[PDB]
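Enquirer: let me see the structure of the following:
(chains A, B, C, D, E, F, G, H, I and J)
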Amino acid sequence: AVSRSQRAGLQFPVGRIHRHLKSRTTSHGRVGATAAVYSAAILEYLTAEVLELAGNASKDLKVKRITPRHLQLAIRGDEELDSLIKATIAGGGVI
Amino acid sequence: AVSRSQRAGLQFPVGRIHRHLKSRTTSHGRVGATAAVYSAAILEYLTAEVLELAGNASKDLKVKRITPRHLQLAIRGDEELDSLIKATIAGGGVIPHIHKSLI
Amino acid sequence: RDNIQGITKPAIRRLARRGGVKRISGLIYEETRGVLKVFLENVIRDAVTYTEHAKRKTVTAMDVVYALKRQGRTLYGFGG
Amino acid sequence: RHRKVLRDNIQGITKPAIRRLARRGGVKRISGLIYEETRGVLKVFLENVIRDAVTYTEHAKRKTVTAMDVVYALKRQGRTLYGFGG
Amino acid sequence: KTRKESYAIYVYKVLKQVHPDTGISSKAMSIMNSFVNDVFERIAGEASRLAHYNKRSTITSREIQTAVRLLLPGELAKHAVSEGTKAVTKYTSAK
Amino acid sequence: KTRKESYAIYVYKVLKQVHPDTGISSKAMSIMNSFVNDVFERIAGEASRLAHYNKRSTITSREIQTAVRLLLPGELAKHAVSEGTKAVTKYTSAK
Amino acid sequence: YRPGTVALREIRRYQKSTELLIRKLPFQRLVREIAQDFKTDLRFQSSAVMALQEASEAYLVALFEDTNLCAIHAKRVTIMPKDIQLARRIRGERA
Amino acid sequence: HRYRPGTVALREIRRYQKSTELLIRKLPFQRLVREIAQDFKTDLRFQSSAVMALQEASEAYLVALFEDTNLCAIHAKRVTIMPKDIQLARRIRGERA
DNA sequence: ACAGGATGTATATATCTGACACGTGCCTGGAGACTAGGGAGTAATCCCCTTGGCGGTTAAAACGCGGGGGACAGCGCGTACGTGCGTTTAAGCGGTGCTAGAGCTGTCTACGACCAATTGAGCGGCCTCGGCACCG
DNA sequence: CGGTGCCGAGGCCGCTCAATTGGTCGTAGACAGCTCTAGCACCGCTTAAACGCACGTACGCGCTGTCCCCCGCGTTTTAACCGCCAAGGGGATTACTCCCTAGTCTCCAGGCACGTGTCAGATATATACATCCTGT
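Expert: Numbering: from 1, shown residues only, chains lettered A, B, ... in the order given. Now the structure:
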C-alpha cells in the first residue's frame, strides 16, 4: 500500500500510465516499470512548465482562475512551448 | 496446396502481409483473415498505378529500363499521386518547369 | 444567396482584422469563400468517413477532433 | 586517435555550387547577398537532421551513423526520403 | 549472414503483368520497395488508430477500407476500394 | 453510466504545487487534459517506433528518454531528461 | 472622418477578445450543405459544429496573417487574390 | 561575339534541370557534415551511404526553398532574388530563425 | 527582317562493361488440419439529445453616397551581377594500407508478464460559497 | 473604487473497480568473445572547377502624377438569437451466442542468396540541323 507514484515522489498515476503504455506497443510488447515513472516525470515537468507560465500570465492579468486565453498567451509567449505545441487552442485567441 | 494469393488471384504475399499486420497491432489486438487480403490488393493497385505511369513515361524516352528519373517524372506528372507521395526521390531531380518572367 | 454566402463581407473583414490586415481589396471575399469551402470540405470528408465507420449517423465532436488531428491541424478543448 | 578539429568548412558550399543549385531550382538572376543566408539555412537544416540521426545511432549504442538512421531522422521531420533504407 | 526481407520480387511480378517488355533498375526497385513499406506502414498505423478509437481490437477489412478511404485522395481511393472489394469477394467466394 | 478516464485531478494537484492560490477553469482543464493525452500519445508512439527499429521488445527507460530527447527541443529536453533521471533514481533508491 | 484609424481600432478590438467572429447559424447551414454530398441526411452534435467553426476560424486567421506578410513583402498595404494564392502555394495545399 | 546577358542563365536552367546528378562537391560537403557532427557528440564515424543520403535530402530541401523563393520574387515584381525573399518563404513555410 | 555565321543540339553508328534477368541449390515461413475461447454481431430496451418550429427582439448586414488614398504605369538613374578572360586548388580517382567497430554467436540471469486476494483512490454526485461579470 | 447577482468551481461524501503486493517462470536482453567488412588516413597524379577581375549592360530602387477604388458614415431592413415547447431517431447501454481468429503440429515449396552470361544503356564521335547576334 505504498502508492508507487509517491515512491517516485510524483503526482501522476504511474499505474495508470503503466497500463496505458502496456497497450500502445508492438505485437508482444512489454513495458518496463522503470519506464512508467520516467514518462510520468516527463508529463509532470511539462505540465508544471505550461501551468506556471499560465499562472504568471494570470497574475499579470490579476485573475485567480486560469482562462484558455491565459494558456494561449503563455504558450505563444515563451518560444519553447510554442515550438513544441503547434496545436490550436479552443477559444484561445491570437497575439 | 494453393497459396492465399493465388486463392484470391493477387500478386502480393498474403501470408507476409498478415504477419506484418499481426506485428503492428496494439499488443492485445488481433488481425482478421480477410484484412490481409484487402491490404495486399490495396498495395497491388498502388504499385500498379505508379509502375504504369513510370512505363508510360519511359516509353516516351525509348528506354527499356525504368530509372529513378522516370519515377520522379511519372509521380510529379500526375496530380493525385503527387498528393500521395510527399517524399523525395533519391536522384530523381525535378520536373522541367519554367515560369513567365524568366525571359 | 447561396448557402455558402453566409460568410459575408463584415465577417471576413473582421477575420482579416484579427490577423492584422490593414486594408482589403474587392475579390478577397470570393477568394476566401472558395478557400474556406475547400478547407471545410477536406475536414468533413474525413469526419463523415469516421462516422460511417462507427455505424452511427451523428457527426460527434470526437470525430471532428480526430479528423483535424490527422490533417496536421489538431485542436484541443474538445477531448481526444 | 581522432584528429583534425574541423573549421571553415561552411565555406565548402561555394558560390558556384549554390549558383548551380538555384539554376536547377528555376532561378534566373541572383543578388550577391544570398550566399551567406543560404549557407545559414543549410547549416541549420543539417544541424537538425544530424542531431536527430545522432540521437538515433546513440540509442542503438553505435559509434557510427548508418544510412538507415539518417533516413529515419528525415522521416521524423516530415521530409522522408526513399531509395536507401526505407 | 541473415537475409533481409524485401518486396522486390512482387514488384517485378506486377510490373511484368502491367508491362510485359520493360525493365526496372535496381535503384528504382529499392525506391519502390521503400515506397511500398511507407504506404503499408501508414495504412497499418491508421487502421490501428481507428480500431483504438472505436474501442475494438480486431482489425478486419472494414478498418482497412476506411484507412484507404482516409489516406488516398478521391478517385484513387475509389479505384482502390473497388479493387479491394473485388479481391475480397474473389477470396471469399472460393474453396 | 460508465465513468470516463481523465487527468484533471493530477493537473489540479501539480497546479496547487506550483501555484498555491490560483485556480483553473473547467474548459482550460479540458484543454490541459487533451494536451497531456497528446504529448503522452506522441511519446508512446515514438518509443514503440524506436523499439521496433532496434529489434527489441521491452520499452525500458532508455527508449522513453530517447523519445523526449527527440520530440522536445533543446533546453526543454535537457530539463526533462534531468527530471526523468532524478525521478527514476528516487524510485530505484527506495524500499 | 479619416480612413486608416477605424481599421487599427478593429485590429486592437478583435485581437483583445477571443470570441467567435463567424456567426453561428449561417456557418452551421453551410456545414450541413457541405455534408449533404458525402452522405445523406446527417445529424450533428452542436459541440461538433462548434469545433468545426473554431478550427475554420483559426485557419482563416492564420491564412490572413500569412497573406498579410506576403502583401507587405510587395510594398503594398492592400492584399490581393494573387497573394492568397501565393501563400497557399507556399504552404503547399495546392487546392 | 557575346551572348545576351541572361541567355546563358536560361541555358543553364535547361541543363541543370534536365540533369539528375548531384550538385555539391562531395568531399567538402562530407567535411562540413562531420564538422556539424562534432559538437553533438565526439568520435563519430559515418557510412558513405549515410553522407550520400544527407546530400540528397540537403539538395532536395535547398531546391524546394529556391523554387519557392523564386515564386515569391516573381510575385514581388522583380527578377533577382534577395535574402528577405528567403526569410519570407521560410517564415511562411513554418521554419524560423 | 531575313542574311550570314559561330554555337549549340538531333541522330545514327560504334564501342564496352558493368548491370541485370534468369538459372541454380537451399531452407524457414506459409498452408492445412484441428481445437478453444472470446469479441463482436444482433437483438432489445431506455432516454436524451437532436431537429423542428414559433414568436418576438434587436444587433448585424447591407446599399448607397462620398472623399481621400494608394496601386500602378512611366520615367530616370546609378549600383551590381552576368559574361567573359586568365590563374590557382583542391575534388576526385586510384591505390595502399591500417584497424575497429558492426555484426553474429553462445551463455546467463533478471525483470516483467501472469495470477490472485486485498483495499483505497478516483470518479460520480452533490452541496455550497465566494471569484468574477457586469453596473454609478 | 463599492453593489448585486450569478453559477462555476472547489471541497465533501459512497462506492466500486483498478493499483498493488506476493509468488513463479521464462524469455528477452546483457554481455563476453570472435570475426572481417568497411571506414579512415595518406600519397600522388590529373584537371575540372573555384577564383580573381574587368567591363557593361540589364535592372532595382526611387520619384511622380493619377485615377480607380476602398473605407467611413448613415439609414433601413433582415435574418440571426433567446427562449420555449414537442416528437422521436438514434446513441448508449445490457444480454446472449456463435463466428472467427489465436494457437500448435506437420510439412515443403515459394522465396532468397549466389553466380553468369547476355546486352542495354552510357559515352564518344561524326554528321545534319535549330538558334541566337549583329546587320543594309
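Enquirer: against residue F:36, how distant is residue E:82?
Expert: Taking C-beta to C-beta, to the nearest Å as the measure, residue E:82 falls 42 Å from residue F:36. Quick note: C-beta positions are derived from backbone N, CA and C, even for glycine.
Enquirer: what parts of chain G come near chain H?
Expert: Remark: the part of chain G in contact with chain H comprises G:66, G:69-70, G:73-74, G:82-83, G:86-87, G:89-91, using C-beta under 8 Å from any C-beta of the partner chain.
Enquirer: what about burial for the residues you listed, which qualify?
Expert: Buried members of the residues of chain G next to chain H, counted by 16 or more other C-beta atoms under 10 Å in any protein chain shown: G:66, G:69-70, G:73-74, G:83, G:86-87, G:89-90.
Enquirer: looking at the residues you listed, spot the one nearest residue D:21.
Expert: The shortest separation between residue D:21 and any of these is 18.8 Å, and it belongs to residue G:90 (by C-beta to C-beta).
Enquirer: would you point out which residue is most central in chain G?
Expert: In chain G, the centroid-proximal residue (C-alpha atoms, centre = their mean) is residue G:60; its distance is 2.6 Å.
Enquirer: and residue G:6, how many neighbours does it have?
Expert: 11 (other C-beta atoms under 10 Å in any protein chain shown).
Enquirer: separation between it and residue G:18?
Expert: Applying C-beta to C-beta, the value for residue G:6 to residue G:18 is 21 Å.
Enquirer: got it, and residue A:33?
Expert: Distance, residue A:33 to residue G:18, using C-beta to C-beta: 43 Å.
Enquirer: before we move on, the earlier item: mind checking which of the residues of chain G next to chain H land in helices?
Expert: Secondary structure assignment by DSSP state H places G:66, G:69-70, G:73, G:82-83, G:86-87, G:89-91 of the residues of chain G next to chain H in helices.
Enquirer: redo the buried ones among the residues of chain G next to chain H as CSV? Include distance to DNA strand I.
Expert: As requested, these are arranged in CSV below (distance: C-beta to the nearest atom of the strand, whole Å):
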residue, distance to DNA strand I
G:66, 18
G:69, 15
G:70, 13
G:73, 12
G:74, 7
G:83, 10
G:86, 13
G:87, 16
G:89, 19
G:90, 19
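Enquirer: how about the strands of the chain, start to end?
Expert: Picking chain A for this. A:30-31, A:65-66 (DSSP state E).
Enquirer: nope, chain G
Expert: Remark: strands assigned in chain G by DSSP E are G:43-44.
Enquirer: can you give me the helices for it?
Expert: For chain G, helices defined by DSSP H occupy the ranges G:6-16, G:24-38, G:46-73, G:81-91.
Enquirer: give the contact list for residue A:91.
Expert: Listed by C-beta atoms under 8 Å, 6 or more residues apart in numbering or on different chains, the contact partners of residue A:91 are A:68-69, C:77, F:27, G:18, G:54.
Enquirer: right, so the strands of chain A: which one is the most enclosed?
Expert: Between the strands of chain A, the one whose residues have the most neighbours on average, counting mean count of other C-beta atoms under 10 Å in any protein chain shown, is strand A:30-31 (a mean of 21).
Enquirer: what's it packed up against?
Expert: Identification of packing neighbours for strand A:30-31 by 3 or more C-beta pairs under 8 Å, 6 or more residues apart in numbering or on different chains; DSSP states H and E yields helix A:14-23, strand F:58-59.
Enquirer: most tightly packed of these?
Expert: Among the helices and strands packed on strand A:30-31, the stretch with the highest mean neighbour count (mean count of other C-beta under 10 Å) is strand F:58-59, at a mean of 20.
Enquirer: okay, the helix or strand following that one in PDB with CA atoms only?
Expert: Sequence-wise, the next helix or strand beyond strand F:58-59 is helix F:61-71, with elements assigned using DSSP states H and E. What follows is the C-alpha trace of helix F:61-71 in PDB, where atoms were taken according to Å, rounded to 0.1, in the frame of the first residue of the first chain:
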ATOM      1  CA  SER F  61      13.500   3.900 -19.500                       C
ATOM      2  CA  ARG F  62      16.100   4.200 -22.300                       C
ATOM      3  CA  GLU F  63      13.700   4.400 -25.200                       C
ATOM      4  CA  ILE F  64      11.500   6.800 -23.300                       C
ATOM      5  CA  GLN F  65      14.500   9.100 -22.600                       C
ATOM      6  CA  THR F  66      15.400   9.000 -26.300                       C
ATOM      7  CA  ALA F  67      11.800   9.900 -27.100                       C
ATOM      8  CA  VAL F  68      11.900  13.000 -25.000                       C
ATOM      9  CA  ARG F  69      15.300  13.900 -26.400                       C
ATOM     10  CA  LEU F  70      13.700  13.500 -29.800                       C
ATOM     11  CA  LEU F  71      10.400  15.400 -29.600                       C
END
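Enquirer: other residues contacting the very next helix or strand once past helix F:61-71?
Expert: Using DSSP H and E, the helix or strand that follows helix F:61-71 in sequence is helix F:74-92. With contact meaning C-beta under 8 Å, 6+ apart, helix F:74-92 is reached by A:4, A:7-10, A:34, A:37-38, A:40-42, A:44-46, A:49, A:80-81, A:84, F:61, F:64-65, F:68-69, F:71-72.
Enquirer: and what of stretch A:23-36?
Expert: Under the contact criterion C-beta under 8 Å, 6+ apart, stretch A:23-36 has outside partners A:14-15, A:17-18, A:21-22, B:22-28, E:52, F:41, F:44-45, F:47-48, F:51-52, F:57-61, F:63-64, F:88, F:91-92.
Enquirer: need the helices for the chain, in chain order.
Expert: As the question left the chain open, I've gone with chain A. Across chain A, reading from the start of the chain, the helices by DSSP H fall at A:4-7, A:14-23, A:33-61, A:68-77, A:79-84.
Enquirer: that answer is for a different chain, and I need it for chain C
Expert: Using DSSP H, the helices found in chain C span residues C:9-19, C:28-53, C:61-70.
Enquirer: and DNA strand I, is the second one touching that?
Expert: No: remark: helix C:28-53 sits outside contact range of DNA strand I, by C-beta under 7 Å from any atom of the strand, the gap being at least 9.8 Å.
Enquirer: that helix near chain B at all?
Expert: No: using C-beta under 8 Å from any C-beta, helix C:28-53 stays clear of chain B, with a minimum separation of 11.4 Å.
Enquirer: in three-state terms, label the nearest residue to residue A:16 once chain neighbours are set aside for me.
Expert: Once its chain neighbours are removed from consideration, residue A:16 has its nearest residue in residue F:5; the separation is 7.6 Å (C-beta to C-beta, 6 or more residues apart in numbering or on different chains). Taking DSSP: H, G, I helix; E, B strand; the rest coil as the rule, one finds residue F:5 in the coil state.
Enquirer: how long is stretch E:52-68 from one end to the other?
Expert: Distance across stretch E:52-68, first residue to last, is 17 Å (C-alpha to C-alpha, to the nearest Å).
Enquirer: now swap in stretch E:18-33 and tell me
Expert: 17 Å.
Enquirer: can you pull the contacts of residue G:92?
Expert: The contact partners of residue G:92, taken as C-beta under 8 Å, 6+ apart, number zero.
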